[PDB]
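# Results of the structural survey
The residues making up each chain are set out below.
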Amino acid sequence: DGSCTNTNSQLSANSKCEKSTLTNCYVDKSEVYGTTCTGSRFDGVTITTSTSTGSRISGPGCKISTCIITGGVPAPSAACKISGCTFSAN
């Protein structure tokens, strides 16, 4: 992909970025698309337009689509999926 720069851009190496709005992130083995990273990282996830405040989305296939998470915790949003993923406040 290329481009993208969460306040500096530190995509591990196999991450993905097209048009999201991260900030002070790094991401690792993930995709993301419209997430609003606020200073966290990933490690094997596939989130998209979702808000998360400091949350380790690590996971062997972590999926996320529209989730207002805050501190490694998902919010009561009927748009999020909460299925094979999890956060631990990275």
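In the PDB header, solution NMR is given as the technique by which the entry was determined.

### Description of the overall build of the protein
Counting its secondary structure elements, the protein contains 0 helices and 4 strands. Listed N to C, the secondary structure of the protein is β-β-β-β in terms of helices and strands. Taking 2.2 N^0.38 as the reference for a compact globule, 90 residues should give roughly 12 Å; the C-alpha atoms of the protein span a radius of gyration of 11 Å, in line with that estimate. Each principal axis of the C-alpha atoms in the protein carries an extent, and together these give about 30 × 20 × 20 Å. Considering only contacts within the protein whose residues lie at least 6 apart along the sequence, 9% involve residues at least 24 apart. For the protein, the separation between the mean place of its 7 positive charges and that of its 5 negative charges on side chains is 6 Å.

### A look at the nonpolar core
Most often, soluble globular proteins have nonpolar side chains that are buried together. Ranked by size, the top nonpolar core spans 16 residues in total, and within it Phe 42, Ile 57 and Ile 64 carry the most contacts. Discounting residues that sit within four places of it in the chain, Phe 42 has contacts with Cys 25, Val 27, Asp 28, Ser 30, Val 32, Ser 55, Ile 57 and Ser 58.

### Considering the side chain of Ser 50
In this fold, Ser 50 is placed in the loop between β1 (45-46) and β2 (51-53). Classification of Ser 50 by relative accessible area gives buried; the value is 2%.

### Overview of the state of the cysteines
Here a disulfide denotes one covalent bond, and it connects the sulfur atoms of two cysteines. Applying the stated criterion to the full structure yields 4 disulfides. Each sulfur of the disulfide joining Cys 25 and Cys 37 lies 2.0 Å from the other. Taking the torsion about the S-S bond as the criterion, the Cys 25 to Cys 37 disulfide, at about 105°, is right-handed. In this pair, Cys 25 sits in the segment before β1 while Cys 37 sits in the segment before β1, placing the two residues 12 residues apart along the sequence. Like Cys 25, the residue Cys 37 is buried in the burial classification. Look at the protein and number its bonded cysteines as they come in the sequence; the links are 1-2, 3-4, 5-8, 6-7.

### As for the environment of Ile 82
Considering the arrangement of structural elements, one finds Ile 82 in the segment after β4 (68-70). The sequence separation of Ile 82 and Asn 6 amounts to 76 residues, and the corresponding C-alpha distance is 24 Å.

Rules behind the numbers
- Residues numbered from 1 in each chain as written, not as in the entry; some residues may be left out.
- Heavy atoms only, no water.
- Helix = DSSP H or I, 4+ residues; strand = E, 2+ residues; numbered from the N terminus.
- Rg over C-alpha atoms; globule rule 2.2 N^0.38 Å.
- Contact = heavy atoms within 4.5 Å.
- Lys, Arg positive; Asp, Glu negative; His and termini not counted.
- Charge placed at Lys NZ, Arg CZ, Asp CG, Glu CD.
- Core = buried A, V, L, I, M, F, W, Y, C linked by side-chain atoms within 4.5 Å.
- Buried < 20%, exposed > 50% of the residue type's maximum accessible area, 1.4 Å probe, protein only.
- Disulfide = S-S within 2.5 Å.

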